Amino acid sequence: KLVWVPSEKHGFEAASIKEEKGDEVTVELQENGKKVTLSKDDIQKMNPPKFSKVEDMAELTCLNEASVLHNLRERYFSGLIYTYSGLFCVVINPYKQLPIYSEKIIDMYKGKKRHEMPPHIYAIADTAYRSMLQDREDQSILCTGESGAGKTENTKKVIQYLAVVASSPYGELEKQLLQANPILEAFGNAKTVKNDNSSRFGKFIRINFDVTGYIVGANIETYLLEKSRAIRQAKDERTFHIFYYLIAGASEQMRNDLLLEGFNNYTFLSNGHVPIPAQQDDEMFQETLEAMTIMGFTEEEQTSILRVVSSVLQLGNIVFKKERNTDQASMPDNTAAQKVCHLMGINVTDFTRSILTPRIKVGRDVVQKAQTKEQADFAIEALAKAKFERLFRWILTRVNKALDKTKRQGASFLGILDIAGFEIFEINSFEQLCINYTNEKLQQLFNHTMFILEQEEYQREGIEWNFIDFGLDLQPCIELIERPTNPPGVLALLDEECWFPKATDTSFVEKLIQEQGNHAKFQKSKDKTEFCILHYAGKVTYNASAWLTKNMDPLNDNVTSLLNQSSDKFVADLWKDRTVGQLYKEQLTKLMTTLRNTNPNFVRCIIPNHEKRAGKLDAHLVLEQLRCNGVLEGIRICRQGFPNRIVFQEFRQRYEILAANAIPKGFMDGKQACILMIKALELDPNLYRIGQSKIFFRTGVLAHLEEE
Ligand SMILES: CN(C(=O)NCc1cccc(F)c1Cl)[C@H](COC(=O)Nc1cc2ccccc2cn1)C[C@@H](O)CO
Ligand SMILES: Nc1ncnc2c1ncn2[C@@H]1O[C@H](COP(=O)(O)OP(=O)(O)O)[C@@H](O)[C@H]1O
Ligand code: BEF
Ligand SMILES: [Mg+2]
């Protein structure tokens, strides 16, 4: 007499039905004994105890939100962070070190089928690896989820599994491969209120393989680096790890060399020295230097990199005042300009002139215009973000150079996506639009993949599949963001608005209301810069402040030129060289085109709590992520159809006891044997469907069968 009822504290909770009266049901909570009257439709059927901590939730007889949630909860507290959810995988961040990632465990998963061993990331990495050789098709592992859910941690475990199994211990390439993320994270990761090691970029790591299956090379593409983090940070947050590593670690000689001057003497360090618990910045600096040594970065490359990190900071120490009774920019103190110019290998007078009085061509004449304090601050800020992303791109292209040095492309690859998941913030700027546009494509991919896997399964069994593409639901929303013309999208109207002379951020929004106002996935807010978009996971209020500027990404042409002709060979290489929106759409088209031609493996990461705590599972927050992931839409769709499918030999062996009379003494066909057991059970012909190898059942039909 036990059931699942909705719970404000636990999401769902065990309770027993004491009295029924039509739709009204009076339950008694199996925790505190408190009486609760609620509707029959809020009540959720509970699974037999033989399903306690079930490794694959597709095995559940009663498929419901309450049963799935409890299955993940039971596993999580038993130390079990991995759970298979039929066609995809779920990972709940333990926030503690688990002993599941040793050399013994790697060897145990070598060539094992998904069902042959307990759930692990190693098994996803192995099944995709074996399939790549067997089927001769490219693979992908998609580690999705919120900030601090476990995307980076899992992505790296796939790398360390494959660097062991697909090795030619480890070997120069595999040793270097394991150093890519230590380097990239030093420059692209930061301490955030959500994650002490948040990825402030997204990546798709492509590992290349020999016909035999040996790692032959690798390439990494990065997306959306938060270059604005170099300038200023929110309360209790840090810039990229590298500034703290360098300042904390650098030798007495290095400090003097690169003109480094402590945590409190830099404006680009908004909160001074903020520490990362259980981590020392000086230790991490040595750990980063070591990784760059393994990757083959010469001491000169290492030192020129730290010299750029130092100049990025100095830029954010230059102070502009105003000439008396004018808006005109003045630099009364040359101290910072001199220090940064010594580092950038450029002339200080030529730099000062390039920031305060830049020469601009008008045709045919050239206007030397004096800048306002505001324009010069924007120019120095714009240049510091631009230098930093150009330093990340250089470090990245050098890592790729080290990792594809063999001039070998292989017969196949295994792509590993680790990009930022959907998150609604207080301010959702142009970057959030791009991140949320990306997830509209990654969720359409997942939805459509499940739709193909099922369409193919239903066809094999010869059972009727009356469903339209599950990916098509996310299509109008995408068309509101991309779509070049007929109704032009959000980005298309931005690109067009950036060309208008008098154009403003409000101007852009007014034009957006005028063009997309009555679009299904559009809503007017309630501020003249604000607008809403109804994404798969939820309504997001976007603020269009400085988007026109963000899409244009302007830099002072004069200083970029000086840097292009720097006396320092490295700085010169950085500045060796149309919209931000158009360029990102290209990156996403190219990534989606890649992913669409690989067999995808989904690894849905779940954050247990917003506290960064071990053994604390926030039920309603885990529920909120399964909704967002598509898990709850999945539970619904499979409830609608046939969730339980059993093979004839397994149906007979499992339920021989009940229909004892139906099976006559002798040899008989599997399909034939079951028909008679089904007929003896007097099962409704709407509840079942006989397939070519498995019997398809509606939800709770097999639960009824579960009796002794
Ligand atoms: C019946 N089924 C299950 O795995 N049921 C458990 C389950 C489904 C969904 C969310 C869940 F939590 C859970 Cl436990 C297997 C194939 O069915 C799927 O997996 N479809 C599916 C469709 C979706 C459609 C839209 C959005 C998400 C979706 C997710 N998924 C087939 C199995 O017999 C063999 O693996
Ligand atoms: N499987 C795991 N085992 C141990 N710690 C983990 C695991 N997954 C995540 N963590 C913890 O969570 C933190 C955030 O993980 P991270 O992968 O960087 O998140 P994100 O999904 O934002 O990339 C890590 O610093 C670590 O403490
Ligand atoms: F913090 Be996650 F890596 F976006
Ligand atoms: Mg990450």
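Residues numbered from 1 in each chain as written, not as in the entry; some residues may be left out. Chains lettered and ligands numbered in written order. Heavy atoms only, no water. Residues with missing side-chain atoms left out of burial classes, pairs and counts.

- Structure determination for this PDB entry is given in the record as X-ray crystallography, at a resolution of 2.80 Å.

**Quick notes on the packing of helix α3 (residues 121-134) against helix α4 (residues 151-165)**
The packing of two helices is summarised by the inter-axis angle and the distance between the axes.
Then comes step 1: Contact geometry for α3 and α4: axes closest at 9 Å, N-to-C directions at 55°. The angle between α3 and α4 falls in the class oblique. Judged by the twist between their axes, the crossing of α3 over α4 is right-handed. Contacts from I121, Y122, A125, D126 and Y129 in α3 reach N154, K157, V158, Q160, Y161 and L162 in α4. (Axes fitted to C-alpha atoms, helices over the stretch in contact; angles between N-to-C directions. Helix = DSSP H or I, 4+ residues; strand = E, 2+ residues; numbered from the N terminus. Parallel < 35°, antiparallel > 145°, perpendicular 65-115°, else oblique. Left-handed = near helix turned anticlockwise from the far one by under 90°. Contact = heavy atoms within 4.5 Å.)

**Focus on the sheet that holds strand β19 (residues 538-543)**
Then comes step 1: With respect to topology, 3 strands assemble into an open sheet ordered β17-β18-β19, the strand pairing being antiparallel. In this open sheet, the two strands that pair with only one neighbour each are β17 (522-523) and β19.
Then comes step 2: Both β17 and strand β18 (residues 530-535) contribute to a ladder of 2 bridges, which runs antiparallel. In the strand pairing of β18, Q523 is matched with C532. (Pairing = 2+ DSSP bridges.)

**Focus on the site of ligand 1**
Then comes step 1: As a structural note, the neighbourhood of ligand 1 is formed by 21 residues, with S85, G86, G630, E633 and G634 the closest of them.
Then comes step 2: Out of a free accessible area of 690 Å², ligand 1 has 91% covered by protein chains.
Then comes step 3: For the shell around ligand 1, the elements supplying multiple residues, two or more each, are α14 (430-461) and α23 (631-640).
Then comes step 4: For the shell around ligand 1, the element with the most residues is α23, which contributes 5 residues.
Then comes step 5: Split by residue class, the shell around ligand 1 holds 13 nonpolar, 5 polar and 3 charged. (Near = heavy atom within 4 Å. Areas by Shrake-Rupley, 256 points an atom, 1.4 Å probe, with all protein chains shown as cover. Nonpolar A, V, L, I, M, F, W, Y, C, P; charged D, E, K, R; others polar.)

**Section: a nonpolar patch on the surface**
Then comes step 1: Taken together, the side chains of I360, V362 and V367 make up a nonpolar region of the molecular surface, amounting to roughly 230 Å² of accessible area.
Then comes step 2: With a relative accessible area of 35%, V367 lands in the partly exposed category. (Patch = residues over 30% accessible without salt bridge, like charges linked within 9 Å, V, L, I, M, F, W, Y side chains within 5 Å. Salt bridge = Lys/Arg side-chain N within 4 Å of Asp/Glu carboxyl O. Buried < 20%, exposed > 50% of the residue type's maximum accessible area, 1.4 Å probe, protein only.)

**As for the site of ligand 2**
Then comes step 1: Residues in close proximity to ligand 2 total 16 residues, the closest being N93, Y101, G148, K151 and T152.
Then comes step 2: Here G150 contributes a backbone N or O atom positioned 2.9 Å from an oxygen atom of ligand 2.
Then comes step 3: Between ligand 2 and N195, the relevant distance is 3.0 Å, taken from an oxygen atom to a side-chain nitrogen or oxygen of the residue.
Then comes step 4: Burial of ligand 2 by the protein chains amounts to 87% of its free accessible area of 570 Å².
Then comes step 5: Tallied by class, the residues present in the shell around ligand 2 amount to 5 nonpolar, 7 polar and 4 charged. (Polar contact = N/O pair within 3.5 Å; in protein donor to acceptor, adjacent residues only side chain to side chain.)

**Side note on the domain arrangement of the protein**
Then comes step 1: Here the domain parsing of the protein yields domain 1 (2-43), domain 2 (430-594) and domain 3 (642-705).
Then comes step 2: Averaged C-alpha coordinates put domain 1 and domain 3 at centres separated by 33 Å. (Domains from an automatic or database assignment.)

**Let's talk about empty space enclosed by the protein**
Then comes step 1: Space inside the largest cavity adds up to approximately 30 Å³.
Then comes step 2: In this structure, the largest cavity is lined by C143, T144, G145, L417, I419, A420, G421, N439 and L442.
Then comes step 3: Only β7 (139-144) and α14 provide two or more residues apiece to the lining of the largest cavity.
Then comes step 4: Partitioning the lining of the largest cavity into residue classes produces 5 nonpolar, 4 polar and no charged. (1 Å grid on protein atoms, 1.4 Å probe; cavity = no way out; pocket = protein on both sides within 12 Å on 5 of 7 lines; lining within 4 Å. Points joined across faces, edges and corners; volume = space filled by probe spheres on them.)

**Regarding helix α9 (residues 281-294)**
Then comes step 1: With 14 residues, α9 ought to run about 20 Å at 1.5 Å a step, and its terminal C-alpha atoms sit 20 Å apart, in line with that.
Then comes step 2: Residues of α9 that are buried in the fold lie against α6 (180-188), α7 (241-249), α8 (252-257) and α10 (299-315). (Expected span 1.5 Å × (residues − 1).)

**Let's talk about the state of the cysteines**
One covalent bond between the sulfur atoms of two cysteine residues makes up a disulfide.
Then comes step 1: In the structure shown here, the tally under the stated rule is 0 disulfides.
Then comes step 2: Left without a disulfide partner, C638 is nearest to the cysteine sulfur of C62, which lies 15 Å away.
Then comes step 3: Classification of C638 by relative accessible area gives partly exposed; the value is 32%. (Disulfide = S-S within 2.5 Å.)

**Things to note about the sheet that holds strand β10 (residues 202-209)**
Then comes step 1: Taken in spatial order, the 7 strands make up an open sheet running β5-β6-β20-β7-β16-β10-β11, and their pairing is mixed. The open sheet has two edge strands with one neighbour each: β5 (82-84) and β11 (215-223). Ignoring which end each strand starts from, the neighbouring axes of this sheet average 15° apart.
Then comes step 2: Bridge count for β5 against strand β6 (residues 89-92) is 3 bridges, and the pairing is antiparallel. Note that in β6 the partner of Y82 across the bridge is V91.
Then comes step 3: Relative to β11, helix α21 (residues 580-596) is tilted by about 145°, and along the sheet it contacts β7, β10, β11 and β16 (412-418).

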